[PDB]
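Participant: Structure incoming, see below.
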Amino acid sequence: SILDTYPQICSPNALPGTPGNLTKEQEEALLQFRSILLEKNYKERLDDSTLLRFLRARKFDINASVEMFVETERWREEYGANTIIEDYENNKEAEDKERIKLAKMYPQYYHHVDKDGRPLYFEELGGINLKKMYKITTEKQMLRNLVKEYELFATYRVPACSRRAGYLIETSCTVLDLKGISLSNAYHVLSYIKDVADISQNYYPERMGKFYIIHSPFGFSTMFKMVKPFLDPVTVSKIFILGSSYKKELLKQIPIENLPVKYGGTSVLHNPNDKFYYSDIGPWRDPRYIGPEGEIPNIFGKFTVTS
Ligand SMILES: CCCCCCCC/C=C\CCCCCCCC(=O)O[C@H](COC(=O)CCCCCCCCCCCCCCCCC)COP(=O)(O)O[C@@H]1[C@H](O)[C@H](O)[C@@H](O)[C@H](O)[C@H]1O
C-alpha cells in the first residue's frame, strides 16, 4: 500500500498509545480491535495509525472503539466522504468558482508546518459578514468543504509531511485568527461551530495537534464557555486562547521562517501580490515528498498559489 512509502511510527517523543509506542496491553488491544473489525468485513482504514486514533479517543476501550469506528464508516458512506475528492474533481470547474468567492471572505489556508512537522493551518474570521456570506454559500457547503479538506489532509498532507519529518504525522497545528470579529457574531454562529465539532470529534478523532485562537475580542472566553460543552476534555486541552503575547507563543511552536509576517514570523509569499487565501504551501507541494498518491488538487483553481 501507500503506507510503505512514508513513516508509520511517530517521533520518539510521542506518548504511549501512538504508533510505535504502545504498552503490551495497548498493542494487544490494537490486534483485538482490528480482528473484530476484520471479522465484520471492514477492509479500509485498518492501519495502525487510523486504529490507534480511535482507540486513543476511547481510551482503548475496545467495544467503545469498535462502536465509534462502525458509526464513522456508516457516516462516511452516507455522507459521501469516501468519494469526496473524486466527486470534487469531477465537478472541479463549478466548485472552484464558488470556493474562490468564499476564500476571499473567509481565508482558510495551510502555510508550511510547525516545529514538529505538522501541517500549519490558518483561518481568518474578521472579514466575514454573515449576511454577505449566506448569499454565496451555506453552512452545509462549508461543512462539506471541511470534510473534503479532512480527506485531502490524510491523503496528501500526511504522507508528504511524514516523509519530510522522518516520522508519522497525524495532526495539524491550527491558528484561528479572530481579529475583527464581533463577540456578538461569535455567539450567533454557535450552531455551525457545533456542527463542525460534531463531525470532527465523532469522525476524525485524534487529528488535533495544537489549536491557537488569536486576536479574540474581550469577552470571548465567556462565549467559549458555550463551545466547551460539545468538546471532549482532550480537545479542550489542545485549545489555547492567546493574549497580547501571542506571537511569542506561536514562535515557540512554529519556525519563524514558516510563520507569516503579520503573525510574528518572516514568511512572505514569493510574489507579494499573491493572497494567502488562495495559497496552499507546504511539503505536499515539494516533488521530493510527493509519493504514489500524486499531488494534491488545487482548491482555488487557476488562482491557487503554491509558493
Ligand atoms: C460561519 C463562520 C464560522 C467559522 C467558525 C469555525 C471555527 C472552526 C475553525 C477551524 C476548524 C477546526 C479544524 C480542526 C483541525 C484539527 C483536527 C480535528 O478535527 O480535531 C478534532 C477536534 O474536533 C473538534 O472539536 C473541532 C472543532 C474545534 C472548535 C474550535 C472552537 C471554535 C472557536 C469559535 C470562535 C468563534 C467564531 C467567531 C465567529 C465569527 C464569524 C462572523 C479531534 O479532536 P482530538 O483531540 O484530536 O480527538 C478527540 C476525539 O475526536 C474525541 O472523540 C475523543 O473523545 C477525545 O478524547 C479526543 O481523542
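By order of appearance in the C-alpha cells: chains A, B, ..., then residues from 1 within every chain, and ligands from 1 in the order shown.
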Which residues are close to residue 232 of chain A, i.e. within 10 Å by only C-alpha atoms, leaving aside same-chain residues fewer than 6 positions away? Reply as a compact mmCIF listing (two decimals) with N, CA, C and O atoms, in the first residue's frame.

Facilitator:
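New file selection-v6.txt:
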# COMPACT_ATOMS: atom_id res chain seq x y z
N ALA A 57 -9.05 7.83 21.30
CA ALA A 57 -10.27 8.61 21.51
C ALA A 57 -11.23 7.95 22.48
O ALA A 57 -12.08 8.61 23.08
N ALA A 197 -17.78 20.77 15.24
CA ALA A 197 -17.29 19.98 16.36
C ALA A 197 -17.79 18.54 16.31
O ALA A 197 -17.04 17.60 16.60
N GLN A 201 -15.06 15.64 16.16
CA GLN A 201 -14.98 14.79 17.35
C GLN A 201 -15.39 13.34 17.07
O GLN A 201 -14.72 12.40 17.50

Participant: Find the residues of segment 116-229 of chain A that sit at most 9 Å from segment 253-267 of chain A; for each, write down the nearest two atoms and how far apart they are in Å, to one decimal. Count only C-alpha atoms. Sort by chain, then by number going up, and give it as JSON lines.

Facilitator:
{"residue": "A:116", "atom": "CA", "partner": "A:253", "partner_atom": "CA", "distance": 8.0}
{"residue": "A:120", "atom": "CA", "partner": "A:254", "partner_atom": "CA", "distance": 8.4}
{"residue": "A:173", "atom": "CA", "partner": "A:253", "partner_atom": "CA", "distance": 8.7}
{"residue": "A:210", "atom": "CA", "partner": "A:253", "partner_atom": "CA", "distance": 8.7}

Participant: Quick one: of A:298, A:202, A:91, A:32, who's nearest to residue 73 of chain A, counting only C-alpha atoms?

Facilitator: A:202

Participant: Taking only C-alpha atoms and all ligand atoms into account, name the residue in A:14, A:161, A:193, A:113 that is nearest to ligand 1.

Facilitator: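 Going through A:14, A:161, A:193, A:113 one by one, the smallest distance to ligand 1 is for A:193.
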
Participant: For segment 134-138 of chain A, work out the shell of residues within 10 Å, counting only C-alpha atoms and skipping chain neighbours fewer than 4 positions away, then give it as an NGL selection string.

Facilitator: :A and (98-99 or 101-102 or 129-130 or 142-144)

Participant: May I have the selected residues written with N, CA, C and O atoms, as an mmCIF file, in the first residue's frame?

Facilitator:
data_model
loop_
_atom_site.group_PDB
_atom_site.id
_atom_site.type_symbol
_atom_site.label_atom_id
_atom_site.label_comp_id
_atom_site.auth_asym_id
_atom_site.auth_seq_id
_atom_site.Cartn_x
_atom_site.Cartn_y
_atom_site.Cartn_z
ATOM 1 N N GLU A 98 -17.043 28.807 -6.951
ATOM 2 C CA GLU A 98 -17.704 29.262 -5.734
ATOM 3 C C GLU A 98 -16.735 29.328 -4.559
ATOM 4 O O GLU A 98 -16.865 30.187 -3.688
ATOM 5 N N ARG A 99 -15.766 28.421 -4.538
ATOM 6 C CA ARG A 99 -14.788 28.399 -3.456
ATOM 7 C C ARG A 99 -13.938 29.664 -3.498
ATOM 8 O O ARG A 99 -13.624 30.242 -2.459
ATOM 9 N N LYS A 101 -14.760 32.581 -4.321
ATOM 10 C CA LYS A 101 -15.515 33.688 -3.736
ATOM 11 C C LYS A 101 -15.565 33.634 -2.213
ATOM 12 O O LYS A 101 -15.520 34.664 -1.539
ATOM 13 N N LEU A 102 -15.653 32.425 -1.675
ATOM 14 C CA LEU A 102 -15.711 32.226 -0.233
ATOM 15 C C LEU A 102 -14.353 32.457 0.444
ATOM 16 O O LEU A 102 -14.287 33.004 1.547
ATOM 17 N N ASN A 129 -18.839 38.666 6.785
ATOM 18 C CA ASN A 129 -20.050 39.438 7.011
ATOM 19 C C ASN A 129 -21.085 38.353 6.771
ATOM 20 O O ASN A 129 -21.295 37.939 5.636
ATOM 21 N N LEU A 130 -21.699 37.866 7.843
ATOM 22 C CA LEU A 130 -22.665 36.783 7.731
ATOM 23 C C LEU A 130 -23.681 36.966 6.618
ATOM 24 O O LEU A 130 -23.887 36.060 5.816
ATOM 25 N N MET A 142 -20.051 24.610 3.636
ATOM 26 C CA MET A 142 -18.820 24.866 4.363
ATOM 27 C C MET A 142 -18.405 23.614 5.128
ATOM 28 O O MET A 142 -17.220 23.342 5.281
ATOM 29 N N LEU A 143 -19.387 22.839 5.584
ATOM 30 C CA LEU A 143 -19.105 21.600 6.313
ATOM 31 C C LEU A 143 -18.521 20.566 5.355
ATOM 32 O O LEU A 143 -17.615 19.812 5.713
ATOM 33 N N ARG A 144 -19.042 20.525 4.133
ATOM 34 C CA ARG A 144 -18.545 19.575 3.149
ATOM 35 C C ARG A 144 -17.127 19.963 2.734
ATOM 36 O O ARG A 144 -16.300 19.094 2.454
#

Participant: Which residues are close to residue 37 of chain A, i.e. within 12 Å by only C-alpha atoms, leaving aside same-chain residues fewer than 4 positions away? Reply as number ranges by chain.

Facilitator: A: 30-33, 41-47, 51, 62-63, 65-70, 73

Participant: So that I have them on file, write out the residues from the current selection with N, CA, C and O atoms, as a tab-separated table (two decimals), in the first residue's frame.

Facilitator:
chain	number	residue	atom	x	y	z
A	30	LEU	N	-4.96	-3.28	20.23
A	30	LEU	CA	-4.98	-2.96	18.81
A	30	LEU	C	-5.22	-4.17	17.92
A	30	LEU	O	-5.94	-4.09	16.93
A	31	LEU	N	-4.59	-5.29	18.27
A	31	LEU	CA	-4.75	-6.51	17.48
A	31	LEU	C	-6.18	-7.05	17.62
A	31	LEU	O	-6.79	-7.48	16.64
A	32	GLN	N	-6.70	-7.00	18.84
A	32	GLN	CA	-8.05	-7.47	19.10
A	32	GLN	C	-9.04	-6.57	18.36
A	32	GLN	O	-10.01	-7.05	17.76
A	33	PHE	N	-8.78	-5.27	18.41
A	33	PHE	CA	-9.63	-4.27	17.76
A	33	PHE	C	-9.69	-4.52	16.25
A	33	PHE	O	-10.77	-4.56	15.67
A	41	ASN	N	-15.97	-7.60	8.37
A	41	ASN	CA	-15.72	-7.41	6.95
A	41	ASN	C	-15.32	-6.00	6.52
A	41	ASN	O	-15.63	-5.57	5.41
A	42	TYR	N	-14.63	-5.29	7.41
A	42	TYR	CA	-14.14	-3.96	7.08
A	42	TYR	C	-12.81	-4.21	6.39
A	42	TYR	O	-12.11	-5.18	6.70
A	43	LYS	N	-12.46	-3.36	5.43
A	43	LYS	CA	-11.23	-3.54	4.67
A	43	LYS	C	-10.28	-2.34	4.73
A	43	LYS	O	-9.09	-2.49	4.99
A	44	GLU	N	-10.82	-1.16	4.50
A	44	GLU	CA	-10.02	0.06	4.50
A	44	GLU	C	-9.89	0.73	5.86
A	44	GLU	O	-10.63	0.43	6.78
A	45	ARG	N	-8.92	1.64	5.95
A	45	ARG	CA	-8.69	2.38	7.18
A	45	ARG	C	-8.50	1.49	8.41
A	45	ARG	O	-9.01	1.78	9.49
A	46	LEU	N	-7.74	0.40	8.24
A	46	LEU	CA	-7.48	-0.53	9.33
A	46	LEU	C	-6.00	-0.54	9.72
A	46	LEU	O	-5.55	-1.43	10.45
A	47	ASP	N	-5.26	0.43	9.22
A	47	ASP	CA	-3.83	0.55	9.52
A	47	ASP	C	-3.64	1.02	10.96
A	47	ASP	O	-4.56	1.60	11.55
A	51	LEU	N	-6.43	3.09	13.40
A	51	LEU	CA	-6.99	2.36	14.52
A	51	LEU	C	-6.58	2.88	15.89
A	51	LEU	O	-7.37	2.88	16.82
A	62	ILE	N	-11.98	-1.24	23.83
A	62	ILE	CA	-12.22	-1.92	22.56
A	62	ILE	C	-13.63	-1.78	21.99
A	62	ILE	O	-13.80	-1.30	20.86
A	63	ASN	N	-14.64	-2.19	22.75
A	63	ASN	CA	-16.02	-2.10	22.27
A	63	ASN	C	-16.46	-0.67	21.96
A	63	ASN	O	-17.22	-0.44	21.02
A	65	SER	N	-14.48	1.62	21.00
A	65	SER	CA	-13.74	1.96	19.80
A	65	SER	C	-14.38	1.33	18.58
A	65	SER	O	-14.44	1.94	17.52
A	66	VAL	N	-14.85	0.09	18.72
A	66	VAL	CA	-15.49	-0.61	17.61
A	66	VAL	C	-16.75	0.15	17.22
A	66	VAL	O	-17.02	0.36	16.04
A	67	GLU	N	-17.50	0.56	18.23
A	67	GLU	CA	-18.74	1.29	18.02
A	67	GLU	C	-18.47	2.62	17.33
A	67	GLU	O	-19.20	3.02	16.42
A	68	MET	N	-17.41	3.30	17.75
A	68	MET	CA	-17.07	4.59	17.16
A	68	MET	C	-16.64	4.44	15.71
A	68	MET	O	-17.06	5.22	14.85
A	69	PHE	N	-15.81	3.43	15.44
A	69	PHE	CA	-15.32	3.18	14.09
A	69	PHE	C	-16.45	2.75	13.16
A	69	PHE	O	-16.49	3.12	11.99
A	70	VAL	N	-17.38	1.95	13.69
A	70	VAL	CA	-18.50	1.47	12.89
A	70	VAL	C	-19.39	2.64	12.46
A	70	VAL	O	-19.78	2.72	11.29
A	73	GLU	N	-17.68	4.77	9.75
A	73	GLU	CA	-17.80	4.17	8.43
A	73	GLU	C	-19.20	4.38	7.87
A	73	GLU	O	-19.37	4.61	6.67

Participant: Where in segment 33-246 of chain A does DSSP assign strand (DSSP E or B), given as number ranges by chain?

Facilitator: A: 108-113, 119-124, 172-177, 208-214, 239-241

Participant: Check segment 72-122 of chain A with DSSP on the backbone and list each residue it calls helix (DSSP H, G or I), as a PyMOL selection string.

Facilitator: chain A and resi 72-79+81-89+92-105

Participant: Name all residues at most 10 Å from residue 181 of chain A (count only C-alpha atoms; drop same-chain ones fewer than 6 positions away) and give them as a ChimeraX atom specification.

Facilitator: /A:124-129,215-217

Participant: Those same residues - N, CA, C and O atoms - I'd like them written as an mmCIF file, in the first residue's frame.

Facilitator:
data_model
loop_
_atom_site.group_PDB
_atom_site.id
_atom_site.type_symbol
_atom_site.label_atom_id
_atom_site.label_comp_id
_atom_site.auth_asym_id
_atom_site.auth_seq_id
_atom_site.Cartn_x
_atom_site.Cartn_y
_atom_site.Cartn_z
ATOM 1 N N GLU A 124 -9.004 33.004 8.966
ATOM 2 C CA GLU A 124 -9.204 34.371 9.424
ATOM 3 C C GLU A 124 -10.704 34.605 9.350
ATOM 4 O O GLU A 124 -11.311 34.424 8.299
ATOM 5 N N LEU A 125 -11.291 35.000 10.477
ATOM 6 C CA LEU A 125 -12.733 35.212 10.583
ATOM 7 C C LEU A 125 -13.217 36.659 10.576
ATOM 8 O O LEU A 125 -14.405 36.913 10.356
ATOM 9 N N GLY A 126 -12.303 37.593 10.822
ATOM 10 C CA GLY A 126 -12.653 39.003 10.876
ATOM 11 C C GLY A 126 -13.234 39.647 9.631
ATOM 12 O O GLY A 126 -13.846 40.712 9.722
ATOM 13 N N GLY A 127 -13.050 39.023 8.474
ATOM 14 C CA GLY A 127 -13.573 39.587 7.238
ATOM 15 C C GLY A 127 -14.938 39.042 6.857
ATOM 16 O O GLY A 127 -15.498 39.408 5.824
ATOM 17 N N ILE A 128 -15.480 38.162 7.692
ATOM 18 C CA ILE A 128 -16.784 37.564 7.419
ATOM 19 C C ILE A 128 -17.959 38.468 7.757
ATOM 20 O O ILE A 128 -18.057 38.990 8.865
ATOM 21 N N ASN A 129 -18.839 38.666 6.785
ATOM 22 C CA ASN A 129 -20.050 39.438 7.011
ATOM 23 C C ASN A 129 -21.085 38.353 6.771
ATOM 24 O O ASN A 129 -21.295 37.939 5.636
ATOM 25 N N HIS A 215 -6.128 37.077 18.690
ATOM 26 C CA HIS A 215 -6.887 38.298 18.453
ATOM 27 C C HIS A 215 -8.367 38.170 18.813
ATOM 28 O O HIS A 215 -9.212 38.810 18.197
ATOM 29 N N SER A 216 -8.692 37.346 19.801
ATOM 30 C CA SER A 216 -10.092 37.209 20.184
ATOM 31 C C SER A 216 -10.493 38.460 20.956
ATOM 32 O O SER A 216 -9.709 38.997 21.740
ATOM 33 N N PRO A 217 -11.717 38.957 20.727
ATOM 34 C CA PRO A 217 -12.201 40.154 21.416
ATOM 35 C C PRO A 217 -12.410 39.915 22.908
ATOM 36 O O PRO A 217 -12.494 38.766 23.359
#
